[PDB]
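# Per-entry structural report
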Amino acid sequence: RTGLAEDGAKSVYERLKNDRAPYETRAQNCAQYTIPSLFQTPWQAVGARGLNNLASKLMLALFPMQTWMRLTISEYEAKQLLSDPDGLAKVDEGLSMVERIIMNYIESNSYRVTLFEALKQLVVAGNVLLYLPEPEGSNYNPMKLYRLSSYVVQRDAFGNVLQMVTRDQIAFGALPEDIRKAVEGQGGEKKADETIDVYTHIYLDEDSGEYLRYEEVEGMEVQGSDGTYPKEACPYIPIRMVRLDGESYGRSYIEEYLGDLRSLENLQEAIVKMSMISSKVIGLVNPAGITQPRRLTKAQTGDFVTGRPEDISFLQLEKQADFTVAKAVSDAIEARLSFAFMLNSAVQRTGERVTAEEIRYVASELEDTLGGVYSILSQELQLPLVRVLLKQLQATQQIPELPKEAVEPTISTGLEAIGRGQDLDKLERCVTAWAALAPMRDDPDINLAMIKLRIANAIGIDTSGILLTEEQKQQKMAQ
Amino acid sequence: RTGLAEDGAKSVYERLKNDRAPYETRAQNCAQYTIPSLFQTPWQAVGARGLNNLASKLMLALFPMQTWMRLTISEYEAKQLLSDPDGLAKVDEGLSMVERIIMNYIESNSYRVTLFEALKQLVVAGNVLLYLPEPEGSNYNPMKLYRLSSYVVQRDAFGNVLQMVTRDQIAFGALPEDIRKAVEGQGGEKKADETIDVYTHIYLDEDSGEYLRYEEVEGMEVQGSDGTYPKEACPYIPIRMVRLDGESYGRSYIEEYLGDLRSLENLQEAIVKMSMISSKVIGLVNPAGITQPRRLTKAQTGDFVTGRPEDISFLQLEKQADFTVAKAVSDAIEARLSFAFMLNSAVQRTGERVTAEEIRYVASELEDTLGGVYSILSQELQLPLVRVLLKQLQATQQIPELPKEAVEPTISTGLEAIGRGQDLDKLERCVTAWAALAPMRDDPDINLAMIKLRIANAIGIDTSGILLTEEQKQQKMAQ
Amino acid sequence: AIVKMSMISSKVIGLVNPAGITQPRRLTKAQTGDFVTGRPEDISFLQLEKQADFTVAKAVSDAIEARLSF
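As recorded in the PDB header, X-ray crystallography is the method behind this entry, and the stated resolution is 3.60 Å.

See the structure below:
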C-alpha cells in the first residue's frame with residue numbers, strides 16, 4: 001500500500017508530533033494549576049473544583065438521562081405526505097422509538113462516564129478524540145477516549161480531516177491473539193510487562209472519497225484488522241474546543257484565564273507557606289536572663305517558675321500588614337476565576353449581604369456564558385456523535401426497518417429535543433391567544449378565519465392541517 | 001491448566017501488584033488526612049465529616065429504600081405487541097413485580113450497609129471491587145467487598161477486563177472444611193491464629209469468550225470450587241471512580257482536592273498545638289523580688305499576700321497578630337474543601353447574613369456537582385450491579401417464568417425509575433396543554449385532531465394508541 | 001504590577017543580625033513549641049508595609065475594572 005502512508009504511520013505520527021507539541025505543552029501547563037493528573041499536586045483546589053463543576057454543569061445539560069435529541073421528518077418527505085395525518089402520526093412514533101434505542105444504547109454501553117473525562121480533558125487540553133468502533137450488538141461496545149498526548153491529527157484550511165494516528169502502549173500481556181502472534185514472531189520473547197505501542201492510521205482515499213484504516217505494530221500490519229470507512233460516517237471523531245481559522249487542533253477553554261490561574265497558584269502557595277510560619281511557636285530565652293527553658297517546657301498550667309518576662313519572647317513576625325495586601329489580591333483573582341468556571345459563589349465575595357435581585361442578574365450572565373459554550377460544544381461534539389451512532393446502528397440493522405421517509409432525517413438537539421421546546425411554546429401561546437377571541441366568535445363584521453391565521457403567522461406556526469382549507473371549511477360547515 | 005495462569009495466580013498477583021502500587025499509596029495518603037482507618041488518627045475531622053456526608057448523600061440518592069430501577073419492555077417486543085393494550089398492561093405488571101423482587105432481595109440480603117463502605121472506599125481509593133457470588137435462595141447471600149489493598153485487576157485499552165486476583169487472609173480457624181483438609185494435608189500443623197492467604201484468579205478464555213475461575217491456596221487448587229462465568233454476566237464486579245483513557249484502575253475523587261486537604265491538616269494541627277501553648281498558665285516569680293510562689297499557689301480568693309506585682313509576670317506569648325493570619329487561611333481552605341465535599345455550610349462562612357437567594361443559587365451548583373458524580377457513579381456502579389443480579393436471579397429461576405417479551409428488557413435507573421419521572425412530567429404537561437383547547441372543542445375552521453397531535457410531538461410523547469387512528473376515529477364517531 | 005507587588009509582600013525573608021546571639025540554623029530547624037537561645041531584637045522580617053500605596057493602586061484598578069465590565 002501507499003497514499004498518505006508512503007512508508008508507514010509512525011513516520012506520519014512523528015511528522016505531526018512537532019505541530020502538536022505547542023498544544024501539548026500548553027495542555028500540561030493548564031493541568032498543573034487545575035488538576036495535574038490529566039497530564040506534583042498543586043497548592044490550591046480553586047481551579048480543580050472549577051474544572052470539576054465546569055464538566056459536571058456541561059454534561060448534565062448536554063448528556064442527561066432525559067432523551068436529548070429529536071429526529072424530525074426530512075423536509076421533502078414532510079412535503080410528499082402533506083395532510084395525510086394517520087401516517088405522519090406513525091412516522092413521529094417511529095423516529096421517537098429511534099430516539100429511545102440510541103439513548104437506551106448510550107446508558108447501557110457506559111458512554112456518559114467517558115464523555116465526562118472527554119469534556120474535562122477537552123476543557124484543559126483543547127482536543128481529545130473519541131473512538132466508538134464496534135457495535136457488537138450482543139455485548140458492551142465501550143467508548144474509547146484518546147487523550148491529546150497519545151494521538152495526532154491533520155486538517156485542511158476548511159475543517160475537513162485527512163489523516164489521524166493514535167498510539168496505545170499495553171505491554172504485550174493484554175494484547176489480542178492475532179497481534180500477540182504477529183508480534184512475538186517478528187520481535188523477541190516478550191513478557192506481560194514489556195510495553196508495545198500499536199499505532200493506527202486513517203487516510204482519505206485520494207480519489208474515491210472514503211476513509212481507509214490499518215493498524216501498524218513496528219512498520220508492520222495486523223494481518224486482518226484493516227477495514228474501510230465512508231467520509232460521511234467515521235467512528236473516529238476529533239472534537240475541538242474553541243476553533244481556529246486553520247491549524248489542525250483547538251484551544252483549551254482554560255487557557256486565556258490561566259494568566260490569572262498561574263498568578264493565583266504562585267501566590268496562594270506563598271500565603272499557605274506564610275501561615276505555616278505565623279503558626280510556628282518558637283520561644284527565645286535570653287541566656288543572660290534567669291528564666292531557664294526546661295522549668296517552663298515541663299511546667300504544667302497553674303504553676304509558678306523563677307524568672308522575669310524580659311528574659312523570654314516569642315518569634316512574633318507581625319507582618320499582617322503585608323499579608324492583608326496579598327490576601328485582598330488572592331481573593332480578587334479567586335473571584336475572577338470563579339466567574340470564569342461557571343461557579344455560583346461568584347455572587348458572594350463577602351463584602352455586604354448582596355441583595356436579592358443582583359443575584360438573578362449575575363446568574364443570567366453565568367447562564368449566558370455556559371449557554372454560549374453549551375451551544376458550540378453541543379453543536380460540535382453532540383451532532384457528530386449522534387450522526388455516527390445513527391449510521392452505525394443502521395448498518396448493523398438494530399433499527400428495525402423504517403418507511404422511506406426515515407432513512408435520512410434531520411437531527412434537532414438541545415432544548416427542542418427535551419420537553420421544554422420553543423416550537424411547543426410558540427404552539428401553546430397561539431392556542432391561548434386564540435382562546436382570546438372567544439368573546440367575538442359570533443362576529444358582527446370581524447373576519448376570525450383571517451385573524452386566527454395572521455396570529456399563527458406572526459408567532460410562526462406551520463399552519464399546515466390547522467386552518468381548515470376553503471373547501472374543507474365549506475364541506476364541514478354543512479355537517 | 002494454563003492460559004493467563006501459565007503458573008498460578010500468586011505470580012499474576014505479584015506482577016500486577018507493581019502497577020497497582022502508585023494507586024495504593026495515593027489511597028493511603030488520601031485516607032491519612034480524611035479517615036485513616038480505611039487504609040495514627042488526624043488533627044482535624046473536616047475531611048472526615050466531608051467524606052461521611054459524601055457517602056451518605058450519594059447512596060441516599062443512588063440506593064434508597066424506594067424502588068430505584070424500572071425495567072422497560074424491549075423495543076422490538078413493544079413494536080411486536082403494538083396497540084394490544086390488555087397484554088402490554090400485564091407486561092408492565094410483570095416487570096414491575098421483578099422491580100420489587102430484586103429490591104426485596106437487596107434490603108433482606110444487607111447489600112446497602114456494604115455499598116456504603118464501597119462508596120466511602122471508592123471515594124478515597126479510586127477502585128473497590130464487589131463479589132455477590134452465590135444466590136443460595138434459602139439464606140443470606142451477603143455481599144463481599146474487596147478493598148483496593150487486597151486485590152488487583154488488568155484491563156485492555158477499551159475498558160474490558162481480562163484477569164482479576166483477590167487475596168483473603170483468615171488464619172485457618174475460619175476456613176471451610178474442603179480447604180481446611182486441602183491445607184493441613186499439604187502445609188503443616190495449622191492453628192486458628194496462623195493466617196492463610198487464599199488467592200482467586202479469573203481468566204478470559206482465549207477463544208470461547210467466557211470468564212473462568214479457580215481458587216489457589218499456595219500454588220495449589222481448592223479441588224472443587226473452580227466454576228465458569230459468561231462474559232455478559234460475572235458476579236465479580238470492578239467499579240471505577242473517575243475513568244482514565246487506559247490503565248486498569250481509576251482516580252480517588254478526593255485526590256485533586258487533597259492539595260488543600262494536606263495543606264489544611266499540617267496547618268490545623270499547628271493551630272491546635274499553638275492554642276494548647278496560649279492556654280498554659282505559667283507564672284514567672286523574680287527570685288530577687290519579695291513575692292514568693294508558695295504564699296500565692298496555696299492562697300485562696302479574697303486573701304492579702306506580701307509582695308509587689310513587679311516580682312511576678314505570666315508567659316503572655318501575645319502572638320495573636322500571627323494567629324489571625326493562620327486562622328484566616330485555615331478557614332479559607334476549610335471553605336474550599338467544604339464546597340468540594342457537597343457540604344452545605346459552604347453557604348455560611350460567617351462574614352455577613354448571606355441573603356435568602358444566593359443560598360438557592362450556591363445550592364444549584366452543589367446539586368450540579370453531586371448530580372454529575374451521581375450520573376457517572378449511577379451509570380457505572382448501579383447498572384452493572386442490576387444487570388448481574390437480574391441474570392443471577394434468572395439462572396436460579398427465583399423469577400417465576402415471564403412471557404418472551406421480558407427475557408431481555410432495558411434497565412432505566414435514576415429519576416425515571418422512581419415516581420418523579422421526566423417521561424411522566426412530559427405526559428401530564430401535554431394533558432393539561434390539551435385541557436387548554438377546551439374553549440374551542442366546538443371548532444369553527446380550526447383542526448383540533450392535528451394540533452392535539454403536534455403538541456404531543458413537540459413535547460415528545462410516543463403518541464402510540466393515543467391519537468385515535470383515522471379508521472378508529474371514524475368508527476367511534478358513529479357510536 | 002499589583003500581582004508582582006503581592007508576590008513581594010507574601011515573601012517571608014528573616015533578617016538575623018550577625019552581631020546578635022540568635023542564630024538562623026536553630027530556628028529554621030526548630031519545630032513548634034520549642035525554646036531557642038537569643039532575643040527578638042537580633043531578628044526581624046522584611047515588612048515592606050506599603051499598604052498605604054497599594055490601596056491607592058487597587059481603588060483605581062477596580063474603578064477601571066468596573067468601567068470595562070460595563
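From this point on, the discussion continues.
With that settled, the discussion passes to the overall build of chain C. A tally of helices and strands in chain C yields three helices and three strands. The globule rule puts the C-alpha radius of gyration for 70 residues at 11 Å, and the 19 Å found for chain C is more than 25% above it. The principal-axis extent of the C-alpha atoms belonging to chain C is close to 60 × 25 × 15 Å. If you sum the accessible surface of chain C, you get close to 4800 Å²; carbon and sulfur atoms cover 60% of it. Positive and negative side-chain charges of chain C, numbering 9 and 7 respectively, have mean locations separated by a distance of 8 Å.

Moving on to the sheet that holds strand β9 (residues 236–237) of chain A. Picture the strands of a sheet paired through backbone hydrogen bonds; they go either parallel or antiparallel. All names here are of chain A. What the three strands build is an open sheet, ordered β3-β2-β9; its pairing is antiparallel. The sheet is open, and its two edges are formed by β3 (144–147) and β9, each paired on a single side. Note that strand β2 (residues 128–131) and β9 share two bridges and pair antiparallel. Its bridge partner being in β9, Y131 is matched across the sheet by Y236.

Let us look at the relation of the copies chain B and chain A. When chain B is fitted onto chain A, the two copies agree to an RMSD of 0.1 Å after a turn of 30° and an axial shift of 0.0 Å. Each copy contacts the other with its own distinct surface, as only 18% of the interface residues of chain B are interface residues in chain A too.

A few words now on the packing of aromatic side chains. Tallying each qualifying case throughout the model produces 18 aromatic pairs over all chains. Ring plane angle 50° and centroid distance 4.8 Å describe the contact between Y23 of chain B and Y249 of chain B, whose orientation is recorded as tilted. For the residue pair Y23 of chain B and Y249 of chain B, the accessibility class agrees, reading buried in each case. Look at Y253 of chain B and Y257 of chain B: their rings are 5.7 Å apart centre to centre, the planes differ by 65°, and that puts the pair in the edge-to-face class. For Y253 of chain B, a relative accessible area of 13% corresponds to the buried category. Given a relative accessible area of 4%, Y257 of chain B falls into the buried group. Clustering of aromatic rings is evident, with ring pairs tying together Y131, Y146 and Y236 of chain A. One residue, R26 of chain A, lies across the ring of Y23 of chain A, its end atom 4.6 Å from the ring centre. Here the guanidinium or amino end of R262 of chain B rests over the ring plane of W43 of chain A, the centre of that ring lying 4.4 Å away.

Parameters and conventions
Residues numbered from 1 in each chain as written, not as in the entry; some residues may be left out. Chains lettered and ligands numbered in written order. Part of a larger assembly, values for the part shown. Heavy atoms only, no water. Helix = DSSP H or I, 4+ residues; strand = E, 2+ residues; numbered from the N terminus. Rg over C-alpha atoms; globule rule 2.2 N^0.38 Å. Areas by Shrake-Rupley, 256 points an atom, 1.4 Å probe, with all protein chains shown as cover. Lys, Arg positive; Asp, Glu negative; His and termini not counted. Charge placed at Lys NZ, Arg CZ, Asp CG, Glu CD. Pairing = 2+ DSSP bridges. Least-squares fit on C-alpha atoms. Contact = heavy atoms within 4.5 Å. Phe/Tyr/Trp six-rings, centres within 6.5 Å; stacked < 30°, edge-to-face > 60°. Buried < 20%, exposed > 50% of the residue type's maximum accessible area, 1.4 Å probe, protein only. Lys NZ or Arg CZ within 6 Å of the ring centre and 35° of its normal.

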